[PDB]
Structures are given as C-alpha cells and as structure tokens.
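*Asks:* Quick one: the structure is below, and I'll ask about it shortly.
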Amino acid sequence: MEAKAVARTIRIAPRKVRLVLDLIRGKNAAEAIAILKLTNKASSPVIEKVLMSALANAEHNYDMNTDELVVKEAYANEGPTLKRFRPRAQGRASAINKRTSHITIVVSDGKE
Amino acid sequence: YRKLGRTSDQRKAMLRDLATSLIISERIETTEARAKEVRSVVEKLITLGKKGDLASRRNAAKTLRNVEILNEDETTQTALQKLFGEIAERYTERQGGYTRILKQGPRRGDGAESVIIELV
Amino acid sequence: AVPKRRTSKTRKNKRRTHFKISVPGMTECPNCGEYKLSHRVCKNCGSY
Amino acid sequence: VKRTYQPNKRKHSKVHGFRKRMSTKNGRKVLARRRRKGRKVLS
RNA sequence: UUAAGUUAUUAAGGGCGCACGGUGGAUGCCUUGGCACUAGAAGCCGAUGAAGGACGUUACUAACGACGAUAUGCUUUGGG
RNA sequence: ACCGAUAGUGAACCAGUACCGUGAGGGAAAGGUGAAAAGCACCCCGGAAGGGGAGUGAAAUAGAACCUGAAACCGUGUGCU
RNA sequence: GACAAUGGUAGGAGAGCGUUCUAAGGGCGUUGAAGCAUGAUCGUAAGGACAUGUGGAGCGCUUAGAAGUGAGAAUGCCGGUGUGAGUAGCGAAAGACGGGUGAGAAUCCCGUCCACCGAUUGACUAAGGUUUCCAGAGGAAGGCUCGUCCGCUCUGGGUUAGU
RNA sequence: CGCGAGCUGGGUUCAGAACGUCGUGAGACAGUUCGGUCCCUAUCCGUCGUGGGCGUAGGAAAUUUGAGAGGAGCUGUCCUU
RNA sequence: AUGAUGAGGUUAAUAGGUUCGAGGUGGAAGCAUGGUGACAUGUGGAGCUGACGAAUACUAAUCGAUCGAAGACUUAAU
C-alpha cells in the first residue's frame with residue numbers, strides 16, 4: 001500500500017525544488033527526514049512538511065508501520081506562474097516569472 | 001589575517017565591539033569567520049588582564065569599548081574593570097586557550113556557518 | 001553576445017549533469033536527539 | 001532632469017474642464033463627441 | 001602458471017520507444033449577446049428649466065439599475 | 001443555407017470600463033460546477049495554505065481557476081541502446 | 001488482346017478528396033453522440049474506416065445545393081511555452097551584540113555600543129498628492145532577499161477657528 | 001592593404017562656422033580651416049587553464065619507459081696568434 | 001577562483017593561544033630629577049610588534065559515515 005501527499009502552488013520554483021528532492025527519493029522514510037533537516041536550501045522546510053504529511057496519512061488512514069517505510073516517488077510538477085514585470089532602463093520592462101510548484105512525495109513499504 | 005569583507009577601520013571597529021560583548025555576556029553567537037578572528041583578539045586581551053599592571057590597563061583600553069555591566073546587587077563595573085577583575089582571576093593558571101568555538105548549522109537568510117564562541 | 005542557435009533539450013541536460021547537490025554530514029548525536037550535522041553542536045531536538 | 005507635466009490644479013481646470021469647453025463652440029463639439037461615445041467623465 | 005589473442009561487463013549522463021503526471025487553454029458541444037433584415041408605428045425635446053449629469057435615497061451598502069428630500073418610492077383607477 | 005466567445009457590436013462578463021495621454025483622443029482582456037448546492041459534517045498532518053480519509057452526487061482527475069482539456073513545455077518511471 | 005505514351009518551373013486543361021451549412025431521403029445515439037488519445041487497418045493521392053480508452057450530448061450516410069472551404073512561412077496578428085540560465089542583476093552608504101517575539105528571525109521589537117548627516121539626511125511651509133494619517137488585526141499578493149514587520153491587506157478611528 | 005564583439009578615433013561622408021574659388025541664387029568644391037556621442041552579460045566552434053565520469057580483464061599505492069608534442073636556437077666587442 | 005594539490009586530524013604539534021626568539025620601530029607608561037616654563041635626563045636598546053622561528057596540548061582538529069577487489073574466454077608452451 002502507498003500513501004501520498006501533495007503541496008499545490010508552492011511559490012518555490014520547480015527547478016529549485018527538484019535539487020533537494022533528488023536527494024531523498026528511493027531512501028527510507030527515517031533518513032529522508034534527516035536529509036531535509038540538514039540541507040540549507042529554501043525548499044528543505046517545505047518538502048519536509050510534505051513528507052511529514054504523507055507519513056501521517058500512512059499511519060492514520062492506511063495503518064501502515066511508519067518505522068519501515070520508503071520514499072517511492074518524489075517529484076515536483078509545474079504550477080501556474082505569476083507573471084510580474086520589471087523596469088530596467090529607458091522605459092523598457094522585462095518579464096519576471098514567479099514560478100510555482102506542485103510538490104508530491106509518496107511513501108510505501110513495498111508490499112501489496 | 002582575514003579581512004571579513006570590510007575596510008581597515010570597519011573591521012577594526014567590528015572586532016573590538018565583538019570582543020567587548022564576549023567579555024560582557026561571556027558567550028556570543030556570531031559567524032564562523034568573525035569568531036576565528038575575534039578569537040585572537042580577546043585571548044590577547046585576557047593576556048593583558050593576567051598582567052594587571054597600569055601599563056597594560058592602558059593597553060586593554062586601546063581595544064575595549066566603554067560598556068558598563070549591570071552586575072548583581074545593582075553594582076556597575078565597566079568592561080575594563082571586569083576584564084582585570086573576573087576573567088583575569090579565572091585563568092591565572094591556564095597558559096592559553098581562554099576561548100572555544102562550537103560550530104552550528106547554517107542560518108536561514110544565508111548559508112552562514114553559525115558559531116557560538118564561549119569563554120573558557 | 002547572443003546565442004546563434006537555441007540549445008536543445010539534450011544539450012541543456014548534458015550541461016546540468018554536474019548541477020547537483022550533495023548529501024550532508026548526518027552523524028548521530030549519541031547523548032540524545034536526531035542526526036546532527038558532522039562537527040557541529042546541536043541547537044534543537046538534540047543534546048550536542 | 002525636469003519632465004513635462006508639472007501639475008497645477010488651477011491651470012488644468014481652466015484650460016480644460018467644463019466652463020472652458022462651454023465658452024467656445026468648438027469646445028461644445030468636444031463635449032458632444034464625448035457624450036456620444038458614452039464617455040463617463042466629460043472635460 | 002606464463003605467454004599470445006579475442007570479447008565483455010560501466011551509464012556519470014544521453015538517445016529511442018512505452019507508461020504515468022503537470023502546465024496550458026486548442027477542439028467539440030452550448031448561449032445570455034450580437035448581425036442583417038421584413039412588416040407596422042413613430043421620428044425633435046427645451047425658460048412650465050431640456051438632453052445630459054452630479055450628489056443622494058434600502059436595516060446592514062461598495063457598484064449598477066431604480067427613484068429624488070413624499071427618495072430602493074406616494075396616491076388613484078383597472079388587471080392580477 | 002447570420003455569428004458562435006481570437007467569431008459576432010469595442011463591449012455575451014457591474015465597456016467606451018480597467019488602462020494610456022497635459023489635452024483632444026486612443027482604447028482592452030475577461031462566457032460554461034452539477035439535474036439540483038445537495039458547495040465536502042467529522043478525522044488526520046500542518047502556523048496557515050495545502051493535502052489524506054470520510055461524506056454528497058450518476059460522476060469530485062464535476063471541488064468553485066470547477067464541461068470537455070489538444071500541442072509546445074516541464075517531469076517521474078522504465079524496455080533496447 | 002495487342003501497341004504506344006507517362007521528368008518538369010511560369011502557365012493551360014482535366015478529375016478528385018476533405019471542411020461548415022441547407023434540402024429531401026434513410027439513419028445512428030446514456031446499452032454513451034461529437035470531440036480527444038492510442039493502435040501493427042484500407043484506398044494511387046488528398047483521405048477513409050475499425051477497435052479500445054477518455055468523454056457525457058448530439059452526429060453520421062445518400063443525392064443535390066450553397067460557401068467566411070483547406071496554411072509553414074508574410075521581421076504576419078493574438079495566445080501560451082521554452083532557449084539563453086540558475087546566468088546578469090538585486091539601485092551610492094557600517095554596523096555589532098544581548099534580550100524579546102513567535103510555525104519560523106542576518107532583517108520585527110527593546111537595549112547597549114559603534115558609525116553617518118548636521119547652511120542639513122535637521123526643523124517648518126508652499127505646490128502637488130489624496131487618507132498613504134492613527135489604533136488594533138493579518139502575511140496570500142506587493143517589498144528586487146527574508147519577514148512575526150510595512151506607505152501592503154482587514155477592521156475601527158482621526159482633521160473643530162469672529163482673530 | 002592580418003588583427004576595433006582586442007584598444008584608440010588623429011585622418012575621413014554628419015549636422016555648426018570661416019576663407020579661397022564657383023554659382024543670379026539656394027548652394028557647391030573633394031580646396032582649406034576650427035569643432036564634433038566608438039553599442040554588446042560569449043550560445044557554438046576555436047584557444048588558455050582546470051575538474052568529474054569511464055576505459056585500460058583483480059583491486060590498490062609508488063616509481064618510471066617515451067610513441068609523440070612543445071620550447072629553445074641571436075650576436076657584438078676586446079686580447080693573443 | 002572553484003574544486004583539485006600538499007601539510008595534519010589526539011598514538012596529534014595542524015592552526016590559534018601561551019612562552020621564548022628573529023627582524024622592525026627607536027627609548028614606552030609610570031616615577032624621579034633638573035628647568036619658571038615649553039621640555040630635558042634617569043629609571044631602561046625601553047616598551048611595542050601582522051604574516052617569520054622554536055617550544056608548549058591551553059583551545060579546536062569529536063563521535064562517526066560512505067566507497068572499495070574476488071580476478072572472462074581462446075590457443076600455445078610449461
């Protein structure tokens with residue numbers, strides 16, 4: 001059985017969040033918490049909050065053993081962007097993309 | 001020596017205000033490079049305190065800022081009087097050291113290595 | 001000054017193969033708490 | 001550097017604005033043309 | 001064993017194929033709104049203060065309609 | 001044997017309106033939950049957002065950005081390389 | 001059944017395929033229409049089917065009409081979306097520490113120290129701006145970072161003249 | 001007539017002005033004279049350095065062979081004979 | 001530049017501190033004496049000294065964690 005959580009429209013950009021999200025996938029659920037507490041990226045308190053949420057949906061909703069779970073899927077999709085402008089020089093604006101992310105981690109124990 | 005990202009006078013003023021506050025509170029939280037450099041400042045300033053003569057009283061006041069400690073029972077000693085009176089009595093047998101640096105995690109706004117420098 | 005050609009999806013992904021990030025220290029705190037960063041004193045949720 | 005349009009509440013109301021448009025026939029033409037577009041603010 | 005000779009296993013990454021997502025609003029269907037007309041009226045008011053407005057008026061009120069201090073309406077005759 | 005929302009009036013939407021100009025003047029973009037709001041009581045994570053259940057409904061990847069959701073683009077897996 | 005022909009640009013001629021609508025006829029659809037997606041199907045071509053998903057109401061076929069009828073190019077127009085690239089930048093400048101606040105503090109508050117302006121970065125007062133002013137409350141968006149703060153948002157207040 | 005996305009801009013085809021000359025003139029000369037804004041964050045190739053990956057049929061540590069490639073390579077004067 | 005390279009990581013002299021130097025500056029402060037004074041002289045090559053040298057575990061190089069071989073066939077001599 002699998003347990004998932006998502007975080008939709010997180011204001012961290014998708015390229016910046018997929019760095020730290022590559023560090024934790026495939027790894028067991030206990031040590032993935034320890035990686036997300038020690039990397040000093042901006043995304044590390046956000047994926048950790050989502051990994052807490054999917055380990056909680058495992059214990060509560062599906063009654064899994066949260067001690068032995070492994071992070072199967074850990075991906076971040078693109079969300080809707082906020083298109084901002086920026087005045088540079090000589091009356092000439094340039095677009096700034098405030099990108100958002102849908103962060104999704106799923107967790108399981110590998111059994112059916 | 002390290003330049004700490006500042007001018008010759010901005011570094012000098014930063015480094016003796018950071019050495020005074022490590023006499024007031026005896027353990028302060030700074031960054032790692034600013035604690036590597038105030039380490040040699042305050043240890044050279046406890047060396048002047050273990051002497052205790054008038055000639056090195058004048059030399060410890062080259063460095064120390066004019067900060068007044070509110071001690072217990074509402075008594076007030078300066079940071080110059082607290083250097084030759086309390087720290088100088090603690091380390092009168094020890095031949096060095098006088099500080100330690102305990103590393104901590106990065107800050108939130110930076111990846112600045114936080115550090116507690118203590119007075120041992 | 002300007003790129004004469006666009007970079008492809010293949011050439012872009014070959015460039016950023018060293019655009020990675022490392023796993024940190026991760027040593028246990030033997031007194032109490034969770035994993036601390038190596039050679040660091042803990043602040044929260046640990047006894048280092 | 002000093003730009004154009006240094007504002008003035010008296011001159012703006014006196015070279016534009018209603019009692020000036022109404023004083024000449026060609027300024028009642030600009031009022032009739034803005035009533036015909038449905039323009040919310042005249043003058 | 002020593003020679004001599006041959007052929008792998010590697011995928012940091014990439015390619016193709018497949019699968020599953022996300023973004024995005026094409027396409028399909030829909031219509032309050034328009035478009036072109038036909039027939040029948042009618043066309044232009046105002047110093048008795050017009051057209052236009054501005055401020056107001058609901059228990060709570062921003063806007064838009066509605067109506068002006070008798071203000072989110074009044075009277076009366078008929079429908080209902 | 002007119003238009004179907006980049007069309008058809010600029011305007012199907014609190015349009016000559018946001019907005020632009022000192023001024024005349026210029027001038028947009030923006031329709032679709034379901035039959036019915038029955039619009040998710042409660043539980044869990046979280047500061048909150050968000051989620052995971054439960055529940056409504058014929059359908060909830062119909063959850064209010066809400067009919068279908070195409071490509072560009074972004075991903076995660078892989079079989080052969 | 002023989003025989004002959006069949007490279008081709010401007011250009012001429014011929015025969016077609018699809019598209020939307022109309023007419024008549026004949027039909028198909030919640031036992032799931034159109035779309036959409038996939039497939040190893042058929043036709044000489046433009047094309048046509050079928051199957052299976054998705055989809056939740058329309059649409060084929062035959063014959064004949066009508067045309068806003070077919071796009072890859074116009075430094076086309078309008079939308080999205082990349083590339084450059086995690087690159088340039090982050091708008092003159094000195095802060096440091098302690099305490100506090102909180103989900104969270106290099107930035108918020110308080111304190112001390114230091115530094116800067118000081119014929120002014122100090123006071124008034126016009127123009128001009130309109131409520132930004134003041135209290136609580138909040139942290140989506142705005143602030144070139146952060147944010148517990150704000151000229152931001154929410155709620156409630158605030159301007160009194162015979163001279 | 002190597003080299004300005006390496007540099008200067010004195011020379012010259014810019015707008016000003018003046019002389020000579022020519023033209024009725026506005027102007028002109030290719031005659032002078034004074035003055036006259038030099039944009040670019042390097043994508044690819046190429047170059048100068050520097051890492052990572054893998055291979056080199058066990059894995060390591062250390063010393064080396066040199067297939068090759070590159071650098072160097074100039075010359076005066078004086079004294080003896 | 002980064003990373004690489006090198007010296008070290010407690011059985012440790014790696015860096016800092018401390019102690020002693022080297023070199024540098026040129027006679028500290030305080031006190032005494034003299035001068036009405038400004039100042040001189042003595043105390044005293046004095047004090048001070050960033051990167052240099054030596055000594056010293058005083059402080060910090062913690063506990064840990066990760067990666068890493070099992071030796072293919074073929075034929076020929078042996």
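Ordering of the structure tokens sets the chain letters (A, B, ...); residue numbers start at 1 within each chain; ligands are numbered from 1 in the order shown.
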Which neighbours of residue 140 (chain G) fall inside 12 Å, counting only C-alpha atoms (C1' of nucleotides), when residues of the same chain fewer than 4 positions from it are skipped, and could you give them as a PDB file with N, CA, C and O atoms (P, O5', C5', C4', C3', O3' and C1' of nucleotides), in the first residue's frame?
*Replies:*
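Printed below is part-v3.pdb as written:
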ATOM      1  N   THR A   9       0.820  24.651  -5.595  1.00  0.00           N
ATOM      2  CA  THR A   9       1.135  26.073  -5.774  1.00  0.00           C
ATOM      3  C   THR A   9       2.055  26.571  -4.652  1.00  0.00           C
ATOM      4  O   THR A   9       1.759  27.526  -3.932  1.00  0.00           O
ATOM      5  N   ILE A  10       3.169  25.873  -4.481  1.00  0.00           N
ATOM      6  CA  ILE A  10       4.235  26.333  -3.603  1.00  0.00           C
ATOM      7  C   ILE A  10       5.123  27.281  -4.391  1.00  0.00           C
ATOM      8  O   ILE A  10       5.635  26.928  -5.456  1.00  0.00           O
ATOM      9  N   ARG A  11       5.335  28.478  -3.847  1.00  0.00           N
ATOM     10  CA  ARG A  11       5.958  29.594  -4.543  1.00  0.00           C
ATOM     11  C   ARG A  11       7.441  29.365  -4.867  1.00  0.00           C
ATOM     12  O   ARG A  11       7.996  30.085  -5.700  1.00  0.00           O
TER      13      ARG A  11
ATOM     14  P     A F  48      -2.996  25.375  11.420  1.00  0.00           P
ATOM     15  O5'   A F  48      -3.364  26.160  10.088  1.00  0.00           O
ATOM     16  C5'   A F  48      -4.126  27.352  10.139  1.00  0.00           C
ATOM     17  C4'   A F  48      -3.747  28.292   9.025  1.00  0.00           C
ATOM     18  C3'   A F  48      -4.044  27.806   7.618  1.00  0.00           C
ATOM     19  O3'   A F  48      -5.386  28.059   7.240  1.00  0.00           O
ATOM     20  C1'   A F  48      -1.827  28.601   7.720  1.00  0.00           C
ATOM     21  P     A F  49      -6.028  27.356   5.949  1.00  0.00           P
ATOM     22  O5'   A F  49      -5.526  28.251   4.733  1.00  0.00           O
ATOM     23  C5'   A F  49      -5.590  27.773   3.402  1.00  0.00           C
ATOM     24  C4'   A F  49      -4.280  27.978   2.693  1.00  0.00           C
ATOM     25  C3'   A F  49      -4.004  27.007   1.562  1.00  0.00           C
ATOM     26  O3'   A F  49      -4.583  27.445   0.353  1.00  0.00           O
ATOM     27  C1'   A F  49      -2.124  27.116   2.986  1.00  0.00           C
TER      28        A F  49
ATOM     29  P     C G 152      -0.373  51.246   2.264  1.00  0.00           P
ATOM     30  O5'   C G 152      -0.456  50.290   0.996  1.00  0.00           O
ATOM     31  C5'   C G 152       0.656  49.507   0.594  1.00  0.00           C
ATOM     32  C4'   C G 152       0.309  48.044   0.539  1.00  0.00           C
ATOM     33  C3'   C G 152      -1.069  47.672   1.049  1.00  0.00           C
ATOM     34  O3'   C G 152      -2.086  47.882   0.089  1.00  0.00           O
ATOM     35  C1'   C G 152       0.536  46.192   1.951  1.00  0.00           C
ATOM     36  P     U G 153      -3.567  48.271   0.567  1.00  0.00           P
ATOM     37  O5'   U G 153      -4.130  46.940   1.229  1.00  0.00           O
ATOM     38  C5'   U G 153      -4.467  45.821   0.428  1.00  0.00           C
ATOM     39  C4'   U G 153      -4.811  44.627   1.276  1.00  0.00           C
ATOM     40  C3'   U G 153      -5.965  44.815   2.241  1.00  0.00           C
ATOM     41  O3'   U G 153      -7.225  44.646   1.625  1.00  0.00           O
ATOM     42  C1'   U G 153      -4.151  43.795   3.357  1.00  0.00           C
TER      43        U G 153
END
*Asks:* Quick one: which residues from chain C are at most 9 Å off chain H, using only C-alpha atoms (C1' of nucleotides), as number ranges by chain?
*Replies:* C: 1-7, 18
*Asks:* I need the chosen residues saved as a short mmCIF file (atom, residue, chain, number, x, y, z; two decimals), in the first residue's frame, with C-alpha atoms.
*Replies:*
data_model
loop_
_atom_site.label_atom_id
_atom_site.label_comp_id
_atom_site.auth_asym_id
_atom_site.auth_seq_id
_atom_site.Cartn_x
_atom_site.Cartn_y
_atom_site.Cartn_z
CA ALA C 1 26.85 38.17 -27.08
CA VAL C 2 23.66 36.40 -28.13
CA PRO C 3 23.24 32.65 -28.78
CA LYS C 4 23.36 31.99 -32.51
CA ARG C 5 21.32 28.81 -32.03
CA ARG C 6 18.96 27.55 -29.37
CA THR C 7 20.27 24.82 -27.11
CA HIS C 18 27.10 18.46 -12.59
#
*Asks:* Check chain D with DSSP on the backbone and list each residue it calls helix (DSSP H, G or I), as a PyMOL selection string.
*Replies:* chain D and resi 9-15+18-21+25-37
*Asks:* Write the residues of the selection above to a file with C-alpha atoms, as a compact mmCIF listing (two decimals), in the first residue's frame.
*Replies:*
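For reference, out29.txt as written:
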# COMPACT_ATOMS: atom_id res chain seq x y z
CA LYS D 9 -4.81 72.25 -10.13
CA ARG D 10 -5.85 75.70 -11.36
CA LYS D 11 -4.44 75.61 -14.90
CA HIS D 12 -5.72 72.09 -15.53
CA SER D 13 -9.21 73.15 -14.57
CA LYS D 14 -9.00 76.38 -16.59
CA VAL D 15 -7.57 75.36 -19.98
CA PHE D 18 -16.28 72.33 -18.27
CA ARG D 19 -16.63 76.11 -18.13
CA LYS D 20 -13.80 76.47 -20.67
CA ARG D 21 -15.15 73.93 -23.17
CA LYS D 25 -18.41 76.40 -29.93
CA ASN D 26 -15.53 74.04 -30.78
CA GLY D 27 -15.35 73.05 -27.11
CA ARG D 28 -19.01 72.19 -27.07
CA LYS D 29 -18.11 69.98 -30.02
CA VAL D 30 -15.67 68.02 -27.87
CA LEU D 31 -18.38 67.71 -25.23
CA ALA D 32 -20.94 66.44 -27.74
CA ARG D 33 -18.37 63.94 -29.04
CA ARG D 34 -17.75 62.57 -25.56
CA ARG D 35 -21.47 62.32 -24.82
CA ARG D 36 -21.81 60.25 -28.00
CA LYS D 37 -19.09 57.73 -27.12
*Asks:* Starting from chain I, keep only residues with some atom at most 8 Å from an atom of chain C, counting only C-alpha atoms (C1' of nucleotides), and report them as a ChimeraX atom specification.
*Replies:* /I:62-65
*Asks:* Might you pull out every residue within 9 Å of residue 27 (chain E), with only C-alpha atoms (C1' of nucleotides) counted and same-chain residues fewer than 4 positions away left off, and present them as a PDB file with C-alpha atoms (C1' of nucleotides), in the first residue's frame?
*Replies:*
ATOM      1  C1'   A F  70      -5.011  19.218 -27.942  1.00  0.00           C
TER       2        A F  70
ATOM      3  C1'   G G  35     -14.542  15.579 -29.649  1.00  0.00           C
ATOM      4  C1'   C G  36      -9.815  13.672 -27.593  1.00  0.00           C
TER       5        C G  36
END
